[PDB]
Amino acid sequence: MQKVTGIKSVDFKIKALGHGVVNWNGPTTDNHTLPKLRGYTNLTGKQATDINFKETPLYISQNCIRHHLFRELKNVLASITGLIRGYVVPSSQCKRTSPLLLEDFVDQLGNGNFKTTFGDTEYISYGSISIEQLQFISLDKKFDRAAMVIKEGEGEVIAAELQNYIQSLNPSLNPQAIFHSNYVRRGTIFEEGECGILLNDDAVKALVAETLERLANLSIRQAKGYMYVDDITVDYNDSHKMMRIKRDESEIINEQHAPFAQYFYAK
Amino acid sequence: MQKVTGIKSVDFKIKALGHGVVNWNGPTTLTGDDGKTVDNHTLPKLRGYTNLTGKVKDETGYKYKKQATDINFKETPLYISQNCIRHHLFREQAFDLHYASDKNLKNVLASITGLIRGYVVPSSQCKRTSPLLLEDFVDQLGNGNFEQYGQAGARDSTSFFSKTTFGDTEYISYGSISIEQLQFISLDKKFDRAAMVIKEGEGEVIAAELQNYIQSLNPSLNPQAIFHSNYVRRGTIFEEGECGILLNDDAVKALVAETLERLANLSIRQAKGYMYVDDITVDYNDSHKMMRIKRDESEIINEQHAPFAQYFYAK
Amino acid sequence: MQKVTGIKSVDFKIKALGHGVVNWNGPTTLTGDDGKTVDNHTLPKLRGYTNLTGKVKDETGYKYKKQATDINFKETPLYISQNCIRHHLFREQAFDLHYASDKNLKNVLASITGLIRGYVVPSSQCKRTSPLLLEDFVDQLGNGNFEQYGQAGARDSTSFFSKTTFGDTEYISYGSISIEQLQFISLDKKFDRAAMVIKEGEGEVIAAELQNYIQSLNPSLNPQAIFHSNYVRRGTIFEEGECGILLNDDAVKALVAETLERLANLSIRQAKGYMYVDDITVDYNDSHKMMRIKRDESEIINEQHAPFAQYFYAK
Amino acid sequence: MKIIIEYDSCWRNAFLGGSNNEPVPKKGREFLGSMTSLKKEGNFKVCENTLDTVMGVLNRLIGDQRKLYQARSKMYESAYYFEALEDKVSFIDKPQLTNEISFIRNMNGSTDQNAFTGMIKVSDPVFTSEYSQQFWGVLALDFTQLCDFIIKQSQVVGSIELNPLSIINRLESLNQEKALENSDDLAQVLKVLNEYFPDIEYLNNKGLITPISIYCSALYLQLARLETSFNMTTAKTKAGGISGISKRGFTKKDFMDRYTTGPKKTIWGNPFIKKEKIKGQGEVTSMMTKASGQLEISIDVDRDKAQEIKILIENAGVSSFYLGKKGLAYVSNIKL
Amino acid sequence: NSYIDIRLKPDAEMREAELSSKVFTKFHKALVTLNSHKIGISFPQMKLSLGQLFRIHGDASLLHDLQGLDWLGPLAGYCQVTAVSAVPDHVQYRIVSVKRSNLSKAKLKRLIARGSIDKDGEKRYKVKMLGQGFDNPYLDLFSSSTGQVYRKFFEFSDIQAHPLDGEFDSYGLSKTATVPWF
RNA sequence: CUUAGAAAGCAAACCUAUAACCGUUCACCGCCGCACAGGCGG
DNA sequence: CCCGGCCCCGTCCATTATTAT
DNA sequence: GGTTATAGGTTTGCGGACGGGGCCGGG
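Protein chains in written order, with the deposited numbering: chain C, 1 to 29, 39 to 54, 66 to 92, 105 to 146, 163 to 315; chain D, 1 to 315; chain E, 1 to 315; chain F, 1 to 336; chain B, 2 to 183.
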């Protein structure tokens with residue numbers, strides 16, 4: 001009961017480098042396709069040649085970043113696509129929310145020119177991994193958070209496979225995927241729960257490390273442009289502050305001191 | 001029947017920060033670029049926005065829809081619905097209210113959900129009004145844009161779609177806590193303000209549990225929840241009243257402080273975007289003005305001693 | 001006499017400010033995007049609004065309902081019902097009139113509800129007309145929009161809904177206080193305007209109680225409540241009158257000041273939104289034109305220059 | 001002659017029966033503003049500016065303190081000033097109509113069908129007594145045990161929760177039970193019931209039989225039977241009868257009020273709304289109409305007469321009146 | 002000396018790309034079973050995309066072995082197949098060289114694991130790797146053994162008038178062996 | 001003195017989860033080697 | 001002191017269902 | 001070239017007539 005303690009979320013700062021435009025918005029007006046630029050509008054109360073790249077900088081969509089990041105049913109649920117990235121299936125209403133949150137990658141370099165192309169680009173970005181959404185997988189249609197329609201044996205088998213996959217990530221650790229018929233989130237005034245799977249500290253850390261690893265080696269190849277991630281700074285956040293790393297970088301903690309926070313309990 | 005003095009309401013100004021759109025309005029019919037109508041574009045909640053160009057066909061009845069690319073974020077700024085903010089504030093007990101019943105009402109009534117947030121049960125027609133009031137959270141930065149999206153199959157109906165997205169966002173908002181609605185709990189169906197239908201002895205028990213919760217908020221303070229068979233509102237000429245529970249200054253202080261605390265640490269992770277509240281300015285208003293802090297006052301003074309206003313009296 | 005002189009009525013213009021819709025019309029039948037009518041959209045009170053487009057096939061007899069997204073806030077502006085405004089003004093006494101009875105009515109007549117709000121006695125012929133007249137509060141800003149709403153956790157009949165919401169609102173309204181209706185209280189059943197059923201001698205004691213209340217309003221002033229058996233109106237060609245109580249200049253001044261004070265301090269917190277009266281412009285009207293303030297605002301007089309008009313003869 | 005009278009926010013409906021054209025009753029005018037009333041044809045009233053309204057305004061402007069019907073009848077005066085001119089006056093209304101639902105008060109003080117006030121008494125003797133269990137235990141039996149109980153059967157083994165809410169909810173469940181056809185068993189229990197309770201027959205007004213009636217009458221039967229075993233004086237009222245429960249059925253307000261501390265629930269009012277189903281329109285909703293606009297009332301007379309009227313109004317000194325109900329209406333202009 | 006044509010039948014379920022990939026991998030498994038270093042292929046209609054026709058070259062009996070073995074069994078319907086026949090007398094020739102870079106993420110990870118490269122060396126490695134690009138036609142191949150989906154690239158010589166005998170390694174593309182082009 | 005008169009549509013609710021604007025979703029995972037040399041396997 | 005009208009409280013009531021290119 | 005799939009499309013309540021008894025007034 002009481003209060004939740006431990007690491008709330010794993011934040012990070014990404015600094016990447018590249019050349020040319022990785023992600024284009026499309027052709028908009039004589040006309041030009043363009044690239045995604047934050048805050049830009051072509052409408053006057066306009067010519068392509070008038071732009072200030074300092075005011076409306078080039079950026080890469082979180083969608084694109086995610087797409088190249090993951091580059092990828106029971107198999108879906110056990111995939112990294114299932115656990116880290118989220119998903120939706122139009123038939124029925126089965127979904128899972130991505131614990132991974134990513135800001136835009138914003139180019140600090142102001143080199144444009146008349163397609164509208166780009167020279168050397170330096171992207172800066174921030175991000176977070178939510179332990180609450182990561183550690184729990186809702187298999188029940190009660191709250192409509194249901195990942196899948198399952199059988200009691202399918203319940204146990206699913207837990208097992210995920211345990212196996214997450215194990216295949218980091219052999220040194222010993223992850224646990226625990227299925228239960230009732231999982232209640234901390235803080236409810238009633239005891240009401242959903243059938244689902246909770247992941248142990250080793251599993252959660254393994255997944256976080258896998259995600260961060262993919263982020264650090266992340267690279268995108270576009271016809272006339274490319275991006276590679278240069279530096280990555282990681283913060284394990286036990287505080288109530290969101291993007292602590294963004295507002296104040298003196299309070300950042302690089303190595304994990306505390307065990308991950310447990311947001312749910314079987315009942 | 002004398003006039004009421006002391007703190008009438010607790011107002012505040014909220015400054016929040018975030019990235020991307022936390023709260024979306026939905027898909028909206030707009031005209032594609034030179035391709036006439038487009039049935040898929042996702043729009044965030046924009047204040048004062050309409051998809052209509054106010055130009056019509058007369059007999060046809062068609063109304064000319066705006067271009068997706070045409071929006072003025074200064075005239076029609078991005079905002080987060082009070083509904084969403086309230087949802088994420090109380091987000092831990094969110095699903096509990098659906099399961100409510102009489103004893104279940106007993107449990108709901110003592111809680112942050114019962115006392116501060118309001119509630120309704122349709123079956124037994126039991127309800128409570130929320131003393132917490134919030135304006136829109138309005139983005140002052142106004143960095144939006146048309147953003148194109150696609151699927152990797154690149155063939156079918158999922159295909160290509162689009163959204164109007166946002167960069168760095170800075171929200172400003174205002175709000176108030178009503179002492180009148182917060183301090184009193186009506187247990188009687190007489191005025192249709194009833195929280196829960198109660199028996200003769202159960203009133204004091206309910207009051208006791210309330211007292212326990214409010215105490216559990218701030219051990220330093222000394223809250224009291226006092227039940228009575230007749231509670232009369234200030235200003236009636238016939239002095240007619242209902243059975244209920246009144247909260248003393250300390251209890252009210254505990255709930256107000258709890259609310260402001262939840263507001264100050266409030267953070268939302270939603271729709272691939274996030275928000276955190278940066279700053280909060282609070283004013284305890286004993287004068288007759290609503291949102292004095294909003295109107296120009298450099299001179300406001302909150303004293304530790306000044307007591308909360310008492311709107312009801314036992315009889 | 002031959003003429004009526006002095007202040008005939010006190011007109012005023014109210015400027016109010018607020019956020020969100022304080023006063024809602026209700027759920028309204030509208031057509032969904034699929035063509036089928038969707039029976040859930042909540043609409044605020046809009047001036048001149050109709051959900052009907054007309055244009056139907058004769059054999060149907062149907063009306064072809066409008067889309068929720070189609071509204072013109074310049075043509076159909078948001079407003080607060082005069083009913084609502086008055087309700088929140090007198091809200092302290094709101095339920096008291098139900099308990100009104102002929103014997104207990106003594107208490108009703110001396111009060112803010114009796115003198116200003118007016119009243120009704122159930123299963124009785126006793127009444128008093130309100131000297132306070134108020135228009136609707138009409139929004140000059142007009143920032144509305146279609147706002148989508150939903151419930152978390154389930155997809156059900158309740159799960160998905162919508163409202164037309166509003167941002168910051170600025171209301172303008174007009175109103176008047178009738179000295180004729182205010183200064184005289186009819187105790188006679190003759191014209192069926194009777195306030196109270198009276199036995200002989202009761203006039204002076206009732207007058208005394210009125211005197212007490214009105215004095216208690218403003219101790220500084222010196223009010224007079226005079227009962228008499230026959231009261232005839234001045235400028236009238238009519239020779240017939242009623243037994244009643246007339247209030248002198250000071251009493252009328254007290255009542256007017258009380259009303260203006262309540263209006264100036266008027267505030268409404270309803271439906272997750274709020275309203276406060278920001279500014280009020282007042283005119284004491286001695287002229288031969290009604291609502292002078294509405295047409296020409298240059299002829300307005302803010303402070304009372306002359307005595308209030310005396311509409312009646314002692315016998 | 002012309003009088004231009006501009007008005008804003010005026011109520012276009014009327015909630016009362018009788019007439020304002022005639023002396024108000026000692027008990028006042030019958031109020032039908034209730035949704036139950038508004039459902040009935042003729043109770044929903046839409047009003048517009050008429051000659052009566054206009055003449056009432058004119059008489060208001062000349063300062064008449066009498067009601068219109070008293071002025072027309074020359075009640076307390078010699079002559080009616082407008083008697084000659086009333087046929088000579090017409091008007092042109094330019095309203096802007098708004099459809100809004102408004103909450104209107106109900107003064108008749110009607111007790112709510114389903115509601116109660118105050119606190120519930122679980123300490124009431126009828127629940128806590130010895131006879132209580134096998135008394136209230138009748139209602140918890142199924143239809144067959146009840147039918148057998150109706151004839152001579154003294155056996156009730158039912159052990160149930162004793163609460164006013166439990167009982168009233170049990171009655172709620174028993175009343176929603178579907179009607180039953182008349183058969184052998186129903187014939188025998190009908191004959192027995194009609195033997196013990198002749199004055200009422202168990203049938204619908206139209207061709208039906210209901211379980212709740214049989215249940216209630218079985219409770220009455222149990223009341224009559226147990227009177228020999230124990231004292232039923234606590235279980236019955238002054239001039240005895242079961243509170244809130246008739247022989248043909250039950251009523252929630254009376255039962256609750258009987259077992260609750262405090263008075264019955266008063267109905268403070270209701271929105272003004274009528275939801276009707278019309279063929280081809282489907283569902284149609286009717287709200288209160290609020291009109292705002294200008295009214296040109298034309299009186300045809302000599303310019304001298306017009307000036308007489310004008311100085312009469314000026315001598316009256318009337319200002320700021322409502323129009324027809326609850327409005328703000330002033331006189332914008334006067335043309336001779 | 003003998004060749005066979007396979008024309009892709011485009012489908013709503015599988016567009017030309019996916020079909021091309023799957024039939025290519027099936028052909029690969031076919032050659033793996035048949036164990037022949039002599040069976041080749043070309044892409045006649047290729048014009049910046051391998052195209053909708055895959056032509057298999059080799060011995061008539063081996064092509065008969067392919068038709069009979071029905072390697073591409075499930076996908077036969079999307080495919081339209083001509084009979085085996087001798088190539089036309091007037092024909093040009095070209096090899097098929099699979100173009101693969103010497104740089105990869107796995108190789109970089111390997112160099113880090115071997116302690117062979119510096120922090121700055123990683124950056125220069127990445128810039129050289131992502132700096133280069135292949136305008137050449139490619140195909141994304143699903144796998145089993147490695148359990149990966151990898152992009153293979155194709156390049157060809159220009160209109161060599163004379164044949165050069167050589168090996169066709171695995172997937173049928175030939176490095177140093179010129180297939181008939183017509 | 002008009003449609004007698006007085007008359008809250010009130011209380012509660014996340015538009016929510018997923019998706020490169022682009023050359024065909026996908027430049028992958030390993031092996032030889034000092035190699036940011038050149039290649040190999042699927 | 002007797003009769004009738006009026007007022008207040010207990011008792012017992014309950015009818016309905018339609019629409020879209 | 002495609003130009004959104006997927007469900008959810010409001011939930012609750014919103015009286016009064018009729019009969020008997022008691023009290024008050026008139027004869």
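No residue lacks a Cβ here, since even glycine has one placed at the ideal position from N, Cα and C.
Quiz item: Which residues, taken in chain order from the region 103-116 of chain F, show a beta carbon closer than 8 Å to some beta carbon of chain E?
Solution: 103, 105, 107, 108 and 109
Quiz item: When the cut-off is 8 Å and only beta carbons count, does residue 202 of chain E lie next to chain F?
Solution: no
Exercise. Assign residue 242 of chain D to buried or exposed, taking buried as 16 or more other Cβ atoms, counted over all protein chains shown, within 10 Å of its Cβ.
Key: buried
Quiz item: With 16 as the cutoff for other CB atoms within 10 Å, does residue 1 of chain E come out buried or exposed?
Solution: exposed
Quiz item: The alpha helix (DSSP H) spanning residue 125 of chain D covers which residue range?
Solution: Note, residue 125 of chain D: premise wrong, no alpha helix (DSSP H); not H, not E.
Quiz item: For a contact meaning CB atoms closer than 9 Å, what does residue 124 of chain B contact in chain C?
Solution: 17, 276 and 278
Quiz item: For the region 163-247 of chain E, which segments carrying the beta strand (DSSP E) assignment without a break, of at least 3 residues, lie completely within its bounds, in sequence order?
Solution: 168-178, 184-186, 225-233 and 242-247
Self-check item: Proximal chain E residues relative to residue 192 of chain C, where beta-carbon distance stays under 8 Å
Solution: 153, 154 and 155
Quiz item: Among the residues of its own chain, which have a CB less than 6 Å from the CB of residue 256 of chain F, if the five just before and after it don't count?
Solution: 116
Quiz item: What are the start and end residues of each continuous alpha helix (DSSP H) run of 4 or more residues lying completely inside the region 134-187 of chain F, in chain order?
Solution: 143-150 and 164-175
Quiz item: In or out: residue 353 of chain F buried (at least 16 other Cβ within 10 Å) or exposed?
Solution: Any property of residue 353 of chain F remains undetermined from this structure, which presents chain F solely from 1 to 336.
Quiz item: Around the Cβ of residue 107 of chain C, are there at least 16 other Cβ atoms within 10 angstroms (buried) or fewer (exposed)?
Solution: exposed
Self-check item: Beta-carbon gap between residue 371 of chain D and residue 254 of chain D smaller than 8 Å
Solution: Residue 371 of chain D lies beyond the residue range present for chain D, which begins at 1 and ends at 315; the question has no answer from this structure.
Quiz item: Within 8 Å (strictly less), CB to CB, does residue 148 of chain D reach chain E?
Solution: no
Practice problem: Under 8 Å Cβ to Cβ from residue 81 of chain C, same chain only, skipping five residues before and after it: list those, please. | Solution: 23, 45 and 136
Exercise. Please determine, among B:41, B:35, B:13 and B:49, the residue with the shortest C-alpha to C-alpha distance to residue 140 of chain B.
Key: B:49
Quiz item: How is the beta strand (DSSP E) around residue 5 of chain B delimited, first residue to last?
Solution: 3-9
Practice problem: Would you check whether the ligand ZN has a heavy atom nearer than 7 Å to the C-beta of residue 209 of chain D? | Solution: Only the bare structure without any ligand can be found here, which leaves the ligand ZN out of the picture.
Quiz item: Between which two residues does the alpha helix (DSSP H) harbouring residue 226 of chain F extend?
Solution: 211-229
Practice problem: Taking residue 268 of chain E and residue 88 of chain E to be in contact with their CB atoms under 8 Å, please state how far apart those CB atoms are, rounded to whole angstroms. | Solution: 5 Å
Quiz item: So what's residue 148 of chain B in DSSP terms, helix, strand or just coil?
Solution: coil
Quiz item: Beta carbon of residue 53 of chain E, beta carbon of residue 54 of chain D: below 8 Å?
Solution: no
Quiz item: With distances taken between CB atoms, is the gap from residue 119 of chain F to residue 200 of chain D smaller than 8 Å?
Solution: yes
Exercise. May I have the straight-line CA-CA distance separating residue 137 of chain B from residue 154 of chain B, to the nearest angstrom?
Key: 6 Å
Quiz item: Nearest to residue 327 of chain F by CA position, among F:205, F:3, F:2 and F:11, is which residue?
Solution: F:11
Exercise. Starting from the C-beta of residue 191 of chain C, find all residues in its chain whose C-beta is less than 7 Å away, skip the five residues before and the five after it, and write them out in chain order.
Key: 242
Practice problem: Run the CB neighbour count on residue 147 of chain D, radius 10 Å, all protein chains shown included, and call it buried at 16 or more, exposed below. | Solution: buried
Practice problem: For residue 116 of chain E, name the three-state secondary structure that DSSP assigns. | Solution: helix
Practice problem: Give the interface partners of residue 211 of chain F over in chain E, defined as CB-CB distance under 7 Å, in chain order. | Solution: Here the premise fails: no neighbours, minimum Cβ distance about 30 Å.
Self-check item: Residues of its chain near residue 128 of chain C, where Cβ-Cβ distance is below 6 Å and the 5 sequence neighbours each way are ignored
Solution: 118, 119 and 195
Quiz item: Buried or exposed: which applies to residue 51 of chain F, given that a residue is buried once 16 or more other Cβ atoms fall within 10 Å of its Cβ?
Solution: exposed
Exercise. Under 7 Å Cβ to Cβ from residue 257 of chain D, same chain only, skipping five residues before and after it: list those, please.
Key: 218
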